[PDB]
Every structure is written in structure tokens, then in C-alpha cells.
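Residue numbers (the UniProt record's numbering), protein chains in the order written: chain H, 3 to 35; chain R, 2 to 101; chain F, 2 to 85, 94 to 110; chain B, 4 to 55; chain V, 53 to 64, 76 to 206; chain A, 4 to 144; chain W, 2 to 117.
Every residue, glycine too, gets a C-beta built ideally from N, C-alpha and C.
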Amino acid sequence: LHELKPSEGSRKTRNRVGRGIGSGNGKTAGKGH
Amino acid sequence: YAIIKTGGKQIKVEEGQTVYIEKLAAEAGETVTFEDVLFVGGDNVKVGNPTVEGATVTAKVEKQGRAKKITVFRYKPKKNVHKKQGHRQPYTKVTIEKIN
Amino acid sequence: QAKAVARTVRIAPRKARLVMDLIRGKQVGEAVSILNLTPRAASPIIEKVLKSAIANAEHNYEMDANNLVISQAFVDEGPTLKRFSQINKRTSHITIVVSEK
Amino acid sequence: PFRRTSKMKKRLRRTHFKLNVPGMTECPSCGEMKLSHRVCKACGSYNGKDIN
Amino acid sequence: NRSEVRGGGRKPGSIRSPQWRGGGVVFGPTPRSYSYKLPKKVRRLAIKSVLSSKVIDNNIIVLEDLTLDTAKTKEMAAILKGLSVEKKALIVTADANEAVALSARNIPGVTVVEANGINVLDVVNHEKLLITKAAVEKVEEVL
Amino acid sequence: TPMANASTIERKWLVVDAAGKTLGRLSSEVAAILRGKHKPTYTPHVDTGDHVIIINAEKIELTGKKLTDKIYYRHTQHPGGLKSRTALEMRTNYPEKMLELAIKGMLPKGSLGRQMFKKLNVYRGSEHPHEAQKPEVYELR
Amino acid sequence: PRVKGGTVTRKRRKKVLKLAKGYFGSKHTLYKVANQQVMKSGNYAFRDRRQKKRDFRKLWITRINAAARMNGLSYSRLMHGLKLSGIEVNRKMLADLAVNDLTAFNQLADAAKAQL
RNA sequence: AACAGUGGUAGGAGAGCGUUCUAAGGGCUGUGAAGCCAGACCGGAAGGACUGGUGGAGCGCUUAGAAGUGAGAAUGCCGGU
RNA sequence: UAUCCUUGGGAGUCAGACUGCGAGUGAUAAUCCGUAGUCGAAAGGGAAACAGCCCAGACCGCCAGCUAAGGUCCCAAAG
RNA sequence: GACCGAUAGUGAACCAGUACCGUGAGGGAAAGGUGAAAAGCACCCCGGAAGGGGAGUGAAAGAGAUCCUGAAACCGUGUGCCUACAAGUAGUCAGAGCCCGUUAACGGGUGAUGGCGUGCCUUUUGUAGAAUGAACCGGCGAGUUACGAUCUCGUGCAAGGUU
Numbered sequence: 003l004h005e006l007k008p009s010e011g012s013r014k015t016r017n018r019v020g021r022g023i024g025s026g027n028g029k030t031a032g033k034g035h
Numbered sequence: 002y003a004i005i006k007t008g009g010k011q012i013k014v015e016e017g018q019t020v021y022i023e024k025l026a027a028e029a030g031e032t033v034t035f036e037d038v039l040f041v042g043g044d045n046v047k048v049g050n051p052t053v054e055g056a057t058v059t060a061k062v063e064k065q066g067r068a069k070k071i072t073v074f075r076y077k078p079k080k081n082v083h084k085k086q087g088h089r090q091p092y093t094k095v096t097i098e099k100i101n
Numbered sequence: 002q003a004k005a006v007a008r009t010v011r012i013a014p015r016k017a018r019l020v021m022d023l024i025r026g027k028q029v030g031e032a033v034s035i036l037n038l039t040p041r042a043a044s045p046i047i048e049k050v051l052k053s054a055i056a057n058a059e060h061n062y063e064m065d066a067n068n069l070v071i072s073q074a075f076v077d078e079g080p081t082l083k084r085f094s095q096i097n098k099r100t101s102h103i104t105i106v107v108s109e110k
Numbered sequence: 004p005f006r007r008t009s010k011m012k013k014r015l016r017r018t019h020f021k022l023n024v025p026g027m028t029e030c031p032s033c034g035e036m037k038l039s040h041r042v043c044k045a046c047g048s049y050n051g052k053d054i055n
Numbered sequence: 053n054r055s056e057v058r059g060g061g062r063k064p076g077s078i079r080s081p082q083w084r085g086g087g088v089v090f091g092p093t094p095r096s097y098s099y100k101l102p103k104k105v106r107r108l109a110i111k112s113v114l115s116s117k118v119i120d121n122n123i124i125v126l127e128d129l130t131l132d133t134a135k136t137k138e139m140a141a142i143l144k145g146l147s148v149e150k151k152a153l154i155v156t157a158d159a160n161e162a163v164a165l166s167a168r169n170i171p172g173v174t175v176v177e178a179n180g181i182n183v184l185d186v187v188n189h190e191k192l193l194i195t196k197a198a199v200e201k202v203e204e205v206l
Numbered sequence: 004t005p006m007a008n009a010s011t012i013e014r015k016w017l018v019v020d021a022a023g024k025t026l027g028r029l030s031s032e033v034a035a036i037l038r039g040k041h042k043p044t045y046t047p048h049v050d051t052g053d054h055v056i057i058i059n060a061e062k063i064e065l066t067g068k069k070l071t072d073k074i075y076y077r078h079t080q081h082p083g084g085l086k087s088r089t090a091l092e093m094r095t096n097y098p099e100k101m102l103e104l105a106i107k108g109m110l111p112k113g114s115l116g117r118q119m120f121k122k123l124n125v126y127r128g129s130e131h132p133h134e135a136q137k138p139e140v141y142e143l144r
Numbered sequence: 002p003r004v005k006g007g008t009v010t011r012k013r014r015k016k017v018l019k020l021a022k023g024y025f026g027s028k029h030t031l032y033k034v035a036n037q038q039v040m041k042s043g044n045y046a047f048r049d050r051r052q053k054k055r056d057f058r059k060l061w062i063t064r065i066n067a068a069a070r071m072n073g074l075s076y077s078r079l080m081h082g083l084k085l086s087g088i089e090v091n092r093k094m095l096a097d098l099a100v101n102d103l104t105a106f107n108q109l110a111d112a113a114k115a116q117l
């Protein structure tokens, strides 16, 4: 229980919008112009 | 004083003077000896026929590491362009003795 | 060394810096006599401070009140009061540090 | 105005604003410092005769 | 929210907006509850496995009947000294032995468990388990 | 790592006679000496040139029909009051100006472009009063 | 939870207002105009690591061209005969650092007319 | 290990660093903790660490799940100048 | 020589700009059938300066080596 | 309480639906912190007093009544190096001179002078624009929640799975 490492390929960071210019989809949050 | 052109632009090296050469392997702590002496000078042994024959320069490999951290930034005039990168450049310090 | 802070005596701290430009390198007796010869509105306030600056030194460090000279003469802005467009009433910290020569 | 002024064009406009030392002499009576050509506030005498 | 704020409807658009400091937050967490469930097959095939970690490293310790007489917590400290268990532990007893439950609740490391109320958590935290043998026959019957 | 000089520059003094040379032909070789192009040590921010003295400026000549054609303009700060002159009057009334104007164009512009112009000395006739420096004659290479 | 985040903004704005240490005027105090002259001063410093690679060339050529006028040869006439007779691949830098020593340069200048 | 390749907005895919929190452990702090100001160090970036001053009660670290988000732009809103 | 089919997930754009070549036309003058290129999304060198012309495509260093267009009196590197 | 900790949480942590605004229905703020303790400065000195300087209290007066910590804009006073023939999105490479000594490192700070160099964001076929926006600093401020569809991934069982 000290190092409960989850299975690989079971979780994925949620995509964000408007939290970076180099991260992608920040200016218009990937919704077009 | 010899002009040695080993791995890069030729450098002027007199007797008893340290220089900075690019990262050859060189096993820092040991000695090394270049082999491409051009124009050993003094008594003017020209560089006729691609590097004077028999002329070598013995050197002692002394210190390997990096340079000052040049941090290259780069961006365009528009379109949200941004790029950033650091770069430590490796180097090798060698002292100089006994021009052959 | 002698110190005299006047804290929040009511004068605008740019009309008081125009009087502390001749008493930051002069002799101590030769500055107090020049303060009463000036027509400056905020001249008496400084006079009182200076007079108290000498009397701090010659009583508590006992340092020969005709040998002193003025080292630091600054004026700092203090807390303001605002009235009614809005009118501010500025204030001033006046300090004077006197030392021997 | 069209654009504000910096701290360099502000502090250069205050060289010709400072005030000067008035003319101070040494009273012949018993004073230390007093404006020239005038009557002292502390002795209160002119030339060589106290008129007060 | 923007609507449940005791705010104005007239233009000062509105005095309680998302950008206004007087207004509330745009999104914000609301009264919700997250309660999912595994299948029944995946709810009884794990309690064995955390038990199975304990048969490896001898973290199971089995006792007979959990002999007690009264509620003296001085006895349990001698029992933990006797079984040489040091940190947090477990006690599983099948019949709700009242002298056991009234004791040891004040001793900080340990806890007692009525044998049906085992679950996948306390086996992981308490990391060792004083079991009566009388409870071992029960736990195969439910799983 | 290469040699770059530092305020230790021994200026020579060179005499150049303009006996029958042309305006732009003789000024094109003088403004490399002024800038210091001919010295083996030369750094573009230290002004390692050397002084030149020009003798018999009124003996110069310019080819073609330029002695009536080339008109010198010196428009002042006054709008609509731009003066103008020719090149026959310039090499006769004051021929000093014609050489030091055409030198001035070939020199760079800026601080060193007007520092280097202080090394130029163009006198009339054929005599310089600078004999305390002992200049020597340098012909046009 | 709620995250205020005050300790993470100033440490992200000191490291810009430290790289502006030495600019004129307001451009080393105000963050709004110190960020522009850091994003431009990394842009010139990339553009001008290519000119100093190519404007030390116009230094070494202009010094060699003056050191060749001692022997009548221009620069183009000299380099043309410096690759024919002589097999040396001497840099235009290291054929310029020896300008101080006339004797040295002269020796190499004698071979230029040997195959010209 | 040799080759091949690396401008880039819309947009698509992938790998990361940080900010608060409640616990399984493990561990510094009144011989001075957070926060603050300095610095001429470390990492490919986001960012880390060590000395020194100031502060007078707490913080933090590989390990897992959640995050009222990490701001330079709204003829933004409140304060200060 | 290594690309293109299928199926499925995810979209963006829907007034582009100018310089050329094959038929006309229009005033055989500035639309338009075709097609190419660049910019848009592309910096660097040349045309004095120049979004569309000329050459060319930036991983990052180095005070390494030869060329492209274009150039060689001086500004400004080279006859 | 995987809730907030004074721009949050109720409008309101404090003599708040108050003060203010409006004839009226109605609208509607701002504002927490000495110290373990009040031990909250006897007395001396300048001054009309405020406010000081000593002295005392205290572990700390840099803790003295808007009093913990106390950032930034803004305003200052000293001091090393430059600056009164010079046309500059203020920087960037080259570079003496001069002053310094570091988390020891191809050091640090200034920089006479030469080269190159049409701010930032949004939007447009397209920017240097006079096309739009910002006085500056600080704070707050904008894509995921159970309910339904569909696909990928992970996992359990699997012609049976699941409450």
C-alpha cells in the first residue's frame, strides 16, 4: 500500500484549454476562429 | 610555435600555454599528442606539402566540462510562436609542452 | 551621532526637500542662522527639528556643540489624508542626523 | 498631454527650481547671522545705533 | 453562483457577474456525490488477494479463541508483547467477543473486527492480523 | 583571441600632392589612408588611420564637361531658399572646400566618420606649415 | 479545494525582472515592459551569433589585404597562388594573426609569387 | 551501430513540471520553520537546490487517488500609487 | 523508388493574394479556360528600403571550408 | 466535512441590513491580528504641544496603539563607472579603459566607439500604422458535474454477464 502503482495505460491526464501557448489550444481552446 | 589544425579551425600554440579544444575523448588526466602541425615557425619550417613531416605537439589533458550556459530564446512576430532551449557546450582544456 | 525625526509634521514632502539642500554639508551653527533668514513657509518646522538635533547630542553624548556638522538630511513621504475630485493632504517625515567632524 | 513623462524628463526639469542662500553678514553689535542691509531680529540695531 | 447571489438585476451588465469581485464563481463545485461499484465477482476476488499477500510474509498470526476474562487493556499490551507485534495490527473474532471489543479500543495501534465486517482496506493499513481460528472457518463460507 | 589594438597607435604624417590628378580618382585613395585601410593592424572602432596633408589643391582637374556641369548645393534649414553653385567657381574662389567636401562623402557617417575628418589638412599653393612633424611624401599607389 | 496561488507568481516574475538588470529607464522595474525586452533580447542574441561568425571574416580579410599590399599583390592574387603551389590549408584567421611578425608573413608571401 | 530526419499557425497525437488537500511511512524544525530579500550555482524547457541577512510558528519528500487552477491583454472589477 | 487503399476516431477552411506560361477575349487594353510558383503558415542573401520577384529552406553551438544568385574605386567584404 | 480562512465564506467574522443613496418602492458598502502578561514607557532633555533622544519594561521598542510578517509600483539620501559635437523600439555581438573579488567560474559592475536592429496581443488576402486594447503595480477573473448517446483504452467473467 506504500507504493500503489496503477496499471500502465489505465489513466490519462485530462486535456486542458487556455493553460499554455505551447501546450496547444490555449488562445481559442481548439474551437476554431 | 606551431599552428595545429586538429578537429576544427587551426590554432596558434606557443610553448607553455593552455588552450580549449572541442570534446575529443582524451581521457582527462592523461596526455595526448596532435599530429597536424602547420608552420612550426621560429626557424620558419614552412607548411609545404600538407603539414610539416615529423612535427608533433605533445599535450596534457587537464579538465573536461562545459561552458557558460547560453540559453537560446526564439519567437516570431506573430502566430503565438515561442521556443526556448538551454545549451551547455562541452570543452577540453589542455596544457602544452615540448613542441617536436 | 545625533538623530531627530519629526514624524508626520504636516508639510508636502516636495516643498520640504527644497529647504534641505543647503543644510546637508554646512556647519551646525551656520545652518540654524540661515533658517531664520529664509522666507520659506516650511522653514520654522525644520528650525525646531535642527535645534532639537543639537540638544540630543550635547546632552546624551556630550559632543561639543560648536564642532558638529550635518551628515544626513532626508525628507520622506508620510501617510496622507484624502478629501473631496479628490484632494490629498500629504505629510512628511523629516529627519536630521548630526555628527562630529 | 499625449503621453506621460518619465523619471528622466521629470528630474531634469528641477535643476532651475532650487533656491539660493540669501545674503548673510556679521552684525557689528552682538549677533551671529543676519540678512544684509537690514535690521537684526535679535539685537535690533542698525549701522552703529540701536533704533528700537 | 451568479443567480443565487443576493444581487441586483439592474445595470449599475450586472453588478454580480463572473468578472466582478462582488459576484461568485463561474463554474465551481456543486452538491454532488461520486459512488461507483465494481461487479459482485470483482468484490470477492480481491479480499482473498490481500489475504494472500499476508500468507507470504507470515503477516497472518492465528490464535485460539482469543482468551480474555475482563476489559483490562493491560492484558492486551502483554498480549502484543507476547505475540511481539509492534505497530498497527488487526483482531478478527467471529462472535463479537465483548471483552475484546471493550478492551483495546484505547490502545492506539490496534483495532478489532467482527469477522463479517472485513474489507480490503484495513488489511492493507494494519499490515498484520491476529486471527482467531474460529473466524477462519467462517470466511470461506461467504467467500 | 586575435590582436586588436588599444590606443597605442603611432600616426605618421603623409604628404600627397594633387598636381594633375582628378577629384574622385585622388579622393578614392586618400580616404583609405584616412580610415586606416592600409595598415596591417586595423580595427573598425579605434581609428588607426594617419594624417594627410594635401598641397596645391588648386592644381586639381576634373574631366569631361564637369567644369560647367557639376553644381554644388548647400540647402539650409530655410524652405524655398536652397542656394546653388558650380564647380568652376569652387576650384577658383576657394578650392579647399571642393576637396574636403568630396572626401567627406567617402568617409563613413557618425562619430568616427567625423573624428577621421579631423585628420585631413588641405592647404593651397604648395606649402604646409607643419614642418615640426616632418612629414614624408607618399605617392598614389 | 481552492488554490489561491500567491507564492508561484512572484517567483515566476522575479526571474524575468532579473534578466533585465541594466536596461534603461523603466525597463528594469515594470514587468509588463521587461518581458518584451527579454523576449527580444534572446532574439537578437540568436541573430547576432551568426553575424559575429561572419563579420570576423571581413576583419581577417581586410587585414590580409593590407598585409599583401607590402608585396604588390592584392588579396585575390594572393589567395589564388596560396592554394596552387602551397598545399597549406591555413585559415584566413591564422594567416592574419601572424601579421605582427613581418618575418613570418614574408616567408609565406615568397611562395605566392613562386607559382604565380 | 551506421544511415535517414528535425521552419511552421489552424488542427491532430505523445512525453513532462508546478500550485493547495485528507490519510498507509519516513523526517526534519526554537541551535530557528513557512514567507521575504540577496547571490557570480544545477537541469534540454516548464522549474529546482545551497549559503547569508530579516522573520518568531510551523513545514516538507520518491508512492497512489482528486484537484474552487499556473494570467500580460476583457473600452475587466476592488485597492494602492 | 516508397508511397496509396480500406475502416474507424478527431477536426479545421469555405470572400485568399500577387508573379509567370498554353487558346482567345476585352480597346486582341486592365475577366477568364488551363498551370505553375511563392506568400498565407517561411526566417537567411540579392533587388537602397520592400508579405507574393531572384537564389534558397533555420535542431543547437564554433573567432571551421567551398559555392548560389549577385558582385569587386570609396561608404561596404572582393580586380 | 479530499468545505472557505478575510478580494474567500452569507450582504454581514468587527455595535450590518448599519453608514450612505433615493420623495418612494428599493438599492447597499468599507473595516480581523501588541504581548506568554498590559508589565502600556517612572524620571531626564528639546519643544507651546505633537513628535523626538536618552533611561526603564520586555525574550524583541527594528513591539509604542491602523501594533504580527511585512513584497511591488512610487519617493528618497549616500556612493564605484560613465556623460555637455551628439540623432538611438534603447537592446544585441565586437570592444579598450576603469573599479571590484565570486556558490572559482573560459569571473562581477560600468561601458568611449563600430556592426546589425520598423514594440507586444487580437484580427485580416496583408503590417510599422493613424485598425483595436492596456497609465503602472498587486489581487481576483473564462471547458467540465452526476443525466443520455458513441468509440478507443484498462480490468473481471466470458455464449452469460449483471443487479
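For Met27 of chain B, which three-state DSSP category applies?
The answer is strand: DSSP assigns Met27 of chain B an E or B state.
Just to check my reading of the structure: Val18 of chain A and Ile58 of chain A have Cβ atoms closer than 8 Å, yes? What is that Cβ distance to the nearest angstrom?
Going by Cβ atoms, the distance from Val18 of chain A to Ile58 of chain A rounds to 6 Å, so yes, they are a contact pair.
Between which two residues does the beta strand (DSSP E) holding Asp72 of chain A run?
First-last for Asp72 of chain A: 69-72, but that is the alpha helix (DSSP H), not the beta strand (DSSP E).
Kindly indicate which three-state DSSP category residue 216 of chain V falls into: helix, strand or coil?
The shown model of chain V, from 53 to 206, leaves out residue 216 of chain V, and the question about it has no answer.
Just the Cα atoms here: how many angstroms apart are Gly73 of chain W and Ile22 of chain R?
37 Å
Please report how far the alpha carbon of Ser96 of chain V lies from the alpha carbon of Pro64 of chain V, in whole angstroms.
38 Å
When the Cα of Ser166 of chain V is compared with those of V:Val88, V:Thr136, V:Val57, which residue comes out closest?
V:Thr136
Quick one: list the residues of chain W neighbouring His41 of chain A, beta-carbon separation under 7 Å, in chain order.
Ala67, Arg70
So which of F:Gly26, F:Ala13, F:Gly79, F:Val33 has the shortest CA-CA distance to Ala43 of chain F?
F:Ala13
If you draw a straight line from the C-alpha of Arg89 of chain R to the C-alpha of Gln65 of chain R, how long is it?
13 Å
Return no unless some Cβ of chain R is closer than 9 Å to the Cβ of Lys33 of chain H.
no
Quick one, which residues of the region 59-83 of chain R are near chain W if we go by CB-CB under 8 Å, in chain order?
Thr72, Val73, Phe74, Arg75, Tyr76
Please list, in chain order, the residues of the region 81-97 of chain W that have any C-beta partner in chain A closer than 8 Å.
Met94, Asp97
Taking a contact to mean a Cβ-Cβ separation below 9 Å, would you say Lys117 of chain V touches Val186 of chain V in this structure?
yes
Name, please, each residue of chain F whose Cβ falls closer than 8 Å to the Cβ of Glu35 of chain B.
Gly30, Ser34
According to the neighbour-count rule (16 or more other Cβ atoms, all chains shown, within 10 Å of its Cβ), is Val29 of chain F buried or exposed?
buried
Per DSSP, cross-strand counterpart(s) of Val10 of chain F:
F:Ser101
Closer than 9 Å to chain R by CB, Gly20 of chain H:
no
Helix, strand or coil at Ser9 of chain B according to DSSP, with G and I counted as helix:
Reduced to three states, the DSSP call for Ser9 of chain B is coil.
Taking CB distances under 9 Å as the criterion, tell me whether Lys7 of chain H reaches chain R.
no
Pop quiz: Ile124 of chain V and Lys196 of chain V are said to be a contact at Cβ under 8 Å. What is the actual Cβ separation, rounded to whole angstroms?
With 8 Å as the limit, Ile124 of chain V and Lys196 of chain V do not qualify as a contact, their Cβ atoms being about 11 Å apart.
Per-residue DSSP class, three states only, for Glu78 of chain F:
strand
C-beta atoms of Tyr126 of chain A and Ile36 of chain A nearer than 9 Å
no
Reduced DSSP category for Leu192 of chain V - H, G, I as helix; E, B as strand; rest coil
Reduced to three states, the DSSP call for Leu192 of chain V is strand.
What's the gap between the Cα of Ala105 of chain W and the Cα of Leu79 of chain W?
16 Å
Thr156 of chain V - partner residues in DSSP beta bridges
Under the DSSP definition of a beta bridge, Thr156 of chain V partners with V:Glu177.
According to DSSP, is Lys150 of chain V helix, strand or coil?
coil
Over the uninterrupted alpha helix (DSSP H) stretch that includes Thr95 of chain A, give me the two end residues.
93-96
Does any residue of chain R have a CB that is nearer than 9 Å to the CB of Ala110 of chain W?
no
Thinking just about the alpha-carbon of each residue, which of A:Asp20, A:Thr95, A:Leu104, A:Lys69 is nearest to the one in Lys121 of chain A?
A:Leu104
Would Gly73 of chain W pass as an interface residue toward chain R - the criterion being a Cβ-Cβ separation below 9 Å?
no
State the DSSP-derived secondary structure class of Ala198 of chain V, mapped to helix, strand or coil.
helix
State the Cα-Cα distance for the pair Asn23 of chain B and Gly47 of chain B, rounded to the nearest angstrom.
Their backbone Cα atoms lie some 25 Å apart in a straight line.
According to DSSP, simplified to helix, strand and coil, what is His4 of chain H?
Coil, per DSSP.
When you compare the CB of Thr11 of chain A with every CB in chain W, is at least one pair closer than 9 Å?
no
Is the Cβ-Cβ distance between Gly76 of chain V and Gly86 of chain V less than 9 Å?
Their beta carbons are not under 9 Å apart, which means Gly76 of chain V does not touch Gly86 of chain V by this criterion.
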